[PDB]
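One structure is given below, encoded as structure tokens.
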Amino acid sequence: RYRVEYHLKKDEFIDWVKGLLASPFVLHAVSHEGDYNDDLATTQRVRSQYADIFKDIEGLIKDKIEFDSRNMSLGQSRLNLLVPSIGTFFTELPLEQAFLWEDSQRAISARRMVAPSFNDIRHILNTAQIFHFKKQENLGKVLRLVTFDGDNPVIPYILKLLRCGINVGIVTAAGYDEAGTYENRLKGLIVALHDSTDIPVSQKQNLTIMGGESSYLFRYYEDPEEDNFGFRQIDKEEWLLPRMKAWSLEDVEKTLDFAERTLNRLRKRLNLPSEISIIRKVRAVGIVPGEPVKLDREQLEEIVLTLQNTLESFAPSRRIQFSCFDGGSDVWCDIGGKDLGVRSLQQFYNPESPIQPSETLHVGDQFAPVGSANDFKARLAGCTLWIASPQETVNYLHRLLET
Amino acid sequence: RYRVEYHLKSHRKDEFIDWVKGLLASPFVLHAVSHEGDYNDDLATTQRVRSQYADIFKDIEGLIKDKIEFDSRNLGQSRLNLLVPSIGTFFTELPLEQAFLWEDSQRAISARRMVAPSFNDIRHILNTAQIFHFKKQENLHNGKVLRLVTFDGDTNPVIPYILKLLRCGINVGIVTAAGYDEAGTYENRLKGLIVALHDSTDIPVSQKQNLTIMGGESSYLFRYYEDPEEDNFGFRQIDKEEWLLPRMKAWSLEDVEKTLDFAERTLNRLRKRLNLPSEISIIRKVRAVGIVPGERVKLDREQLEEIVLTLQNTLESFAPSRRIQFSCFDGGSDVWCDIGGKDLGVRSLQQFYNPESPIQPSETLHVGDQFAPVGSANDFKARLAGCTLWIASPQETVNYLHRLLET
Amino acid sequence: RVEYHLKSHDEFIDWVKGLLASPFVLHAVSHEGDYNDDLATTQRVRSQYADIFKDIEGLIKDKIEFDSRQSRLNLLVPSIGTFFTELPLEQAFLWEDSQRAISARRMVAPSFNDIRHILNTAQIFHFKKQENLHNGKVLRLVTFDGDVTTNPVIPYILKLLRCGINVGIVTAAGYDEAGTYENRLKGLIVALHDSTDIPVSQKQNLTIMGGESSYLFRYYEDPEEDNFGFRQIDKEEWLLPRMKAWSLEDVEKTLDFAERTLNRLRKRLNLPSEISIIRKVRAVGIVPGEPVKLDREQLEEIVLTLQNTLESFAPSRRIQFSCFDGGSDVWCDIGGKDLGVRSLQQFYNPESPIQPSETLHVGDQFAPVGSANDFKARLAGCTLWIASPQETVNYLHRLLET
Amino acid sequence: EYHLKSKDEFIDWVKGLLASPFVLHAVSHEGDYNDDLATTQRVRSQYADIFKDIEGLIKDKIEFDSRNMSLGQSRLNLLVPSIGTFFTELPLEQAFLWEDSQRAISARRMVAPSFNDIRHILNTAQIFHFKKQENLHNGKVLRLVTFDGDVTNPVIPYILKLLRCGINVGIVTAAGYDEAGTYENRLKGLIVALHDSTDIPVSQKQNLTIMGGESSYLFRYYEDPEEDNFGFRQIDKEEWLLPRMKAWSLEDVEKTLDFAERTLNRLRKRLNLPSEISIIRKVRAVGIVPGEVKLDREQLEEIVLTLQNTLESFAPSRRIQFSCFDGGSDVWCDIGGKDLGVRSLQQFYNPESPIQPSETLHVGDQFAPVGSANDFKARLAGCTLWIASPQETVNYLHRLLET
Ligand SMILES: O=c1[nH]cnc2c1ncn2[C@@H]1O[C@H](CO)[C@@H](O)[C@H]1O
Ligand SMILES: O=c1[nH]cnc2c1ncn2[C@@H]1O[C@H](CO)[C@@H](O)[C@H]1O
Ligand SMILES: O=c1[nH]cnc2c1ncn2[C@@H]1O[C@H](CO)[C@@H](O)[C@H]1O
Ligand SMILES: O=c1[nH]cnc2c1ncn2[C@@H]1O[C@H](CO)[C@@H](O)[C@H]1O
């Protein structure tokens with residue numbers, strides 16, 4: 001009833017839009033008995049009601065952009081007063097056009113029983129972002145950086161992104177400190193890249209892997225001098241953000257030491273199978289599946305929550321920044337985070353003119369309680385796409401890259 | 001936000017389990033979370049917490065049994081029915097504490113200090129308890145052993161256990177919302193099962209032939225067959241008179257077809273209004289009508305829900321359709337409107353296998369993945385006909401059947 | 001749907017409130033500091049609100065038409081009561097908006113009471129429009145509540161009677177004698193007696209229904225004795241056909257079990273001895289002693305226990321029954337509030353019973369006060385949700401004005 | 001933030017805890033009129049143990065709360081985040097057992113332990129604590145009792161007993177009136193009773209104080225022996241003002257009040273308020289008051305919310321502290337707060353040894369959405385009692401003062 005365990009463990013903006021859309025739906029749309037005559041009329045009016053609302057939100061976003069532009073780098077944006085937990089909008093969003101296009105496909109205005117869904121709005125928001133970047137191309141601030149979530153139909157589109165002179169970064173929560181591992185699982189991307197004759201080697205090496213959220217950076221290399229292809233680790237000094245440089249190594253190791261100890265305690269208390277392994281690396285410590293032998297989500301969630309709470313009461317850990325991740329059957333504790341990794345890549349690709357958030361798009365699937373490495377953090381560093389299927393990713397990439 | 005559209009859709013969620021979750025949360029926050037951070041004696045805390053959880057489950061056991069006795073009456077209500085008003089009938093005693101202690105070993109529930117006992121935890125405990133019961137009745141003098149196991153249709157590690165079930169002398173039926181009126185389709189769909197059963201040496205033919213397919217929810221019945229003169233196997237259609245329940249035989253054909261005709265017209269209206277692509281096609285059969293994806297192609301989720309909600313509401317205002325029970329299903333990316341229901345299908349099978357001594361609900365177990373808003377063909381209706389297992393993964397089915405059939 | 005009170009267990013108003021929340025956030029809160037746009041902001045907000053109410057009017061009309069023969073509104077709001085009359089929602093909003101300045105608010109959304117006020121104003125508006133036409137269904141019966149075991153409403157009751165409108169007071173007290181209600185309503189009968197401007201014939205159209213629908217009394221003025229007061233109308237005249245088939249033994253068995261149940265509750269709750277149990281012909285109840293009163297938790301415990309207990313008692317379900325814990329009293333009565341209103345509708349004109357569309361129940365018991373709540377009165381006719389005596393007076397003034 | 005819809009999380013948290021034994025051991029046993037004593041006894045035992053557990057949690061929080069006080073958090077703060085500060089130990093079980101005897105909470109089978117049940121228990125426990133310290137050797141006994149004075153009798157005797165018992169009594173109001181006359185005219189009878197009461201020394205008589213504008217004006221009862229002059233006398237600010245308040249800029253104070261006065265004048269035109277409603281401006285406060293004419297609770301809350309959020313975006317107001325009150329028909333904007341008001345009185349009575357929060361009990365009837373001057377703010381300065389009825393105040397004071 002009243003959950004006493006509620007605070008021990010949703011996108012408000014989207015639910016907000018859903019509420020605004022539901023009011024005309026229940027009043028005008030819910031007119032089920034109707035196809036005898038007035039359902040063209042009902043659909044038409046309902047479509048207009050929805051379109052108007054999205055157009056109103058368009059202006060609210062643009063007002064927020066302007067307010068945030070001048071007053072940031074204490075007032076509040078209108079939209080921020082309406083939606084307190086809303087994230088920054090680095091780009092304009094043609095919501096009305098996006099809706100009308102999606103309504104063409106899925107006939108949302110033509111429904112009388114099923115209100116505009118969370119997925120409906122999510123698709124509109126994603127379509128709007130893509131539409132924005134395509135608009136700049138036929139003029140603006142075009143898309144310079146696309147990032148993906150590591151922790152196949154997508155592989156070709158990655159290659160063409162690179163050919164179109166767009167930097168591609170793969171952000172993973174994996175704490176592996178050796179290139180070799182990433183070469184072993186990103187095999188297909190590496191060899192298909194390598195084996196492709198079209199791409200100049202310059203564009204070929206614009207592919208990067210930001211491991212440990214923002215702990216390790218690897219870049220693609222092609223040395224057919226040796227016919228050696230794969231990923232080369234980049235020295236910290238080139239890609240490390242200034243604030244991260246200030247972190248003491250002692251606090252880093254102390255943080256990782258305390259984390260690894262906490263993991264082992266959790267292991268014993270939870271009496272986890274011995275096939276479950278705790279892996280410690282240079283900038284990361286994590287727990288991994290075994291043999292077949294996996295971990296329950298409650299166990300994964302217990303681990304992340306325990307790690308976050310303990311470390312947040314650990315002084316070395318607060319003098320730095322850390323992230324936790326429990327997406328798959330693995331829980332990773334890494335130094336840094338999603339936002340830091342994306343912004344590091346922005347500076348890395350062009351130090352003289354760092355890639356702006358307005359020119360950055362993070363196609364991510366970790367908009368969930370996957371930990372502090374959630375893709376909501378990525379909204380701090382740039383524009384994002386919210387994908388729920390690999391096909392969704394391909395669809396979005398296809399329309400983006402369509403001439 | 002006050003969702004003004006809430007009541008337009010089905011938002012059924014197992015109140016009994018949520019009720020159990022709420023009870024377990026009180027010892028959790030006062031004993032588990034109150035000793036979060038305690039580096040020393042974790043074992044003591046886990047033991048006290050587990051004991052508190054176990055006591056609660058044993059209390060619920062008692063409530064369940066009392067209800068079973070108070071439902072043997074037939075208007076008062078069981079004490080449990082007062083606590084949880086939407087509770088279903090318990091055809092069988094549930095060893096909940098034993099099931100909790102077993103799952104607590106696997107899932108380590110009592111050891112957690114941050115994450116409370118979950119819905120899935122209770123679901124696992126409830127399912128394990130249902131299995132544990134039937135395993136107890138096997139050796140028992142006057143125990144009611146499991147006679148019928150039912151599955152949901154609409155290579156595969158379930159097939160061996162289905163074969164093992166049949167060999168163990170247990171009747172197995174598959175209830176599919178598909179409305180196809182030919183045995184050929186189900187032979188094509190379930191070719192993996194029929195081939196393995198055909199190739200199974202350890203199972204006598206009488207036990208093999210104890211495999212049935214309930215086409216529609218209760219519209220068509222098919223039985224496995226193995227010709228003794230020729231190497232021909234597959235599925236045979238059974239005449240209506242042998243398996244059709246009395247009330248179903250009382251149903252008028254004209255109302256049946258009026259319903260299906262109305263449903264078919266309603267489907268094409270929806271097709272136009274939602275401007276669905278031309279390959280989405282609408283298929284009409286003898287006792288069922290449905291809309292299926294085509295190729296060049298598929299239907300959105302919300303569109304599928306729009307269809308079943310439309311069909312259900314419209315037909316529930318159709319007089320011939322109230323004289324004759326019907327069902328809708330949008331689980332896959334198809335929507336099928338079938339005459340009858342899942343409840344009817346299970347009890348039809350209960351009668352068919354042994355007409356003279358019909359299989360009781362206490363001897364029936366439906367393994368279902370459709371305990372969801374999948375229309376009126378949901379597995380909550382199967383709780384009317386007998387005991388159920390709530391499965392969320394195919395691996396759960398395998399594990400559940402493994403525990404049951406383990407010697 | 002639990003029968004036991006764990007937390008604070010009208011959906012239509014909350015549904016409307018949710019609707020009104022959309023223009024509030026998108027068009028009002030967005031303009032909190034736009035102090036020169038106050039004219040345009042308020043105008044747009046007022047139109048947005050008014051458009052919603054106009055839309056709900058249509059859905060209500062659809063519900064009425066459908067119920068004349070679920071409705072969309074029933075699908076949207078499953079706990080919605082029947083609308084016996086159409087309501088002018090848009091105008092009611094605009095009128096109340098002038099007084100309350102709802103559209104000018106940027107920090108506070110349209111409230112529950114805002115809508116309740118608008119709904120009440122709409123109901124009164126409807127009758128007034130019907131009135132001037134006279135052609136339409138005019139208000140013939142107004143019912144009030146005095147259910148519990150200084151008043152400016154009295155002159156308006158008198159004005160209602162002089163306007164040829166029948167006035168009934170429905171009460172859950174369940175006392176079986178006229179003298180008690182004469183004393184409780186002394187101010188009303190004195191004022192009515194002292195009124196020279198009202199014909200005795202019209203004075204006689206004042207009735208009181210005790211025990212929800214168990215006892216009926218009428219106002220009388222006889223020249224011979226030269227007094228006045230209340231005379232109990234015989235059962236044959238006002239009893240509904242459903243109630244006539246009710247067996248006396250079931251009635252007695254119901255009350256006897258209820259009285260027994262009350263006595264154990266006294267024991268177990270260790271209630272003070274000053275607390276007494278009163279038994280009447282068609283009612284049994286627990287009343288506060290002497291100040292010695294009962295906690296609301298205790299009163300709720302009593303009503304919930306009785307309802308659950310009696311609804312599992314075969315004689316009681318061959319019967320209808322009601323419980324009421326409004327004040328610091330709990331009464332178990334044979335009748336029901338809907339039955340009382342329906343009985344009065346027949347009593348005044350047996351040939352052509354007063355239609356629900358010509359009936360208005362001004363009630364203050366739209367609360368968890370047991371099965372005797374005023375939501376039951378919505379079954380028998382139109383209603384008015386009042387929170388203050390001033391509200392009643394205000395609503396009655398608008399109703400009876402030129 | 002804006003308000004769409006309409007308590008105390010700690011009480012709700014305890015209610016949810018007590019609800020679990022209720023459903024299983026009480027609701028289940030309805031219809032069982034035999035065995036009811038046994039059922040009641042067990043149910044009582046279950047409830048009591050929960051309270052004893054919560055007692056322990058409080059003692060732990062208090063000791064953790066010795067770490068800082070004007071990282072991490074108490075386990076109670078994790079479970080209930082919006083929980084206030086407990087300056088004293090609370091005998092919850094003893095209080096429950098007493099309240100269960102009076103209210104028969106454990107005997108109920110259909111009605112769970114209510115919000116009011118717990119509230120009474122918490123209030124009783126607070127009283128119980130101070131009574132034991134009166135017993136104990138040199139225990140931190142009650143030294144300051146504060147009351148609310150509202151804005152534009154059985155309680156009077158108990159105040160006198162408090163004063164005669166050597167307990168300092170203060171009355172805090174949101175009224176912005178800066179003249180002693182208004183309060184001699186508002187607190188008549190009490191002054192007369194104190195003047196007429198021969199059984200009280202005038203030294204103890206003077207321990208009665210009035211805090212106006214929450215913490216803006218201080219008036220102390222005076223009684224000249226030879227000239228028959230009695231009433232309230234304003235105390236000079238340097239004597240009772242807290243240091244932080246002394247450092248406040250008069251300009252910022254004035255600028256804040258002037259902004260509020262214009263905001264108030266804006267609101268009355270916007271809301272088209274009647275001309276009978278008058279706006280009152282004082283030295284340390286500005287307010288809106290009813291006419292000869294009254295204001296809706298929506299209008300009252302609109303004004304408070306508007307004023308509150310507006311001034312929070314006003315820099316001079318940020319550099320000061322302000323409070324708002326809409327309990328009565330009036331809406332007052334006063335410089336300071338109830339918290340600052342109580343604490344100022346704590347130093348005023350005895351500057352060499354300021355009265356501690358553990359020695360201060362605030363009996364208040366404003367634990368509601370009354371604005372920033374609510375009694376929840378008083379929990380920052382000391383112990384409190386939640387009052388819903390005037391008779392509750394009388395009964396509570398009686399039990400506190402009984403011997
Ligand atoms: O609260 C938010 N919800 C959705 N998108 C947001 C939000 N805040 C900032 N953005 C941005 O809006 C675009 C919509 O797809 C994305 O670029 C997302 O990052
Ligand atoms: O409300 C219910 N929730 C869970 N199971 C129920 C319910 N009602 C009857 N049963 C039965 O209890 C067993 C354990 O899940 C299953 O057999 C189920 O069908
Ligand atoms: O769910 C309802 N809420 C409020 N009023 C209702 C409802 N159902 C029917 N009516 C009627 O609407 C008028 C306005 O208050 C009243 O006449 C009431 O009886
Ligand atoms: O969240 C709280 N709820 C109730 N009381 C609290 C809370 N926080 C601190 N105290 C203190 O506990 C005593 C009992 O009510 C009071 O002294 C109150 O100020």
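Below, all heavy atoms of this structure are taken into account, side chains as well, without hydrogens, waters or symmetry copies. Quick note on labels: first sequence line is chain A, next is B, and so on, each numbered from 1.
Only the side chain of B:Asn313 comes within less than 4.5 Å of a heavy atom of chain A; its backbone N, CA, C and O stay farther away. For B:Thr314, the part lying near chain A is the side chain, with the backbone staying farther off; criterion is any non-hydrogen pair under 4.5 Å. For B:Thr310, the parts lying under 4.5 angstrom from a heavy atom of chain A are both the backbone and the side chain. With a 4.5 angstrom heavy-atom cutoff, A:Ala115 touches chain B only via side-chain atoms. At a 4.5 Å heavy-atom cutoff, the contact between B:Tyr39 and chain A is made by side-chain atoms alone. Contact of B:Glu36 with chain A is made through the side chain alone, with heavy-atom distances under 4.5 Å. For chain B, the nearby part of A:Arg1 is the side chain; its heavy atoms alone come within less than 4.5 Å. With a threshold of 4.5 angstrom between heavy atoms, A:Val4 approaches chain B through its backbone and through its side chain. If you measure heavy-atom distances from A:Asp35 to chain B, the contacts under 4.5 Å come from both the backbone and the side chain.
Donor-acceptor pairing under 3.5 Å is recorded for the side chains of B:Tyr400 and B:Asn127. Looking only at atom types and distance, the side chain of A:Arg112 has a donor-acceptor partner in the side chain of A:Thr43 under 3.5 Å away. In this structure, a donor-acceptor pair under 3.5 Å is absent between the side chains of B:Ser321 and B:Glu316. A donor-acceptor pair shorter than 3.5 Å cannot be found between the side chains of B:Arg271 and B:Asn268. A:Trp332 and A:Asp330 share a donor-acceptor pair across their side chains, judged by distance under 3.5 Å alone.
Interface remark: of the candidates A:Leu305, A:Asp15, A:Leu272, A:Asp15 forms the most heavy-atom pairs closer than 4.5 Å to chain B. Your options are B:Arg269, B:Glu305, B:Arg107, and the one with the most heavy-atom pairs under 4.5 Å with chain A is B:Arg107.
Using cut-offs of 30° and 60° on the angle between ring planes, the pair B:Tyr6 and B:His11 is parallel.
Using a cut-off of 4.0 Å between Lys/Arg side-chain N and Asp/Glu carboxylate O, A:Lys18 and B:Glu5 are scored as salt-bridged.
For the atom pair CD1 (A:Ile278) and CD (A:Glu260), the distance works out to 6.5 Å, reported to the nearest 0.5 Å.
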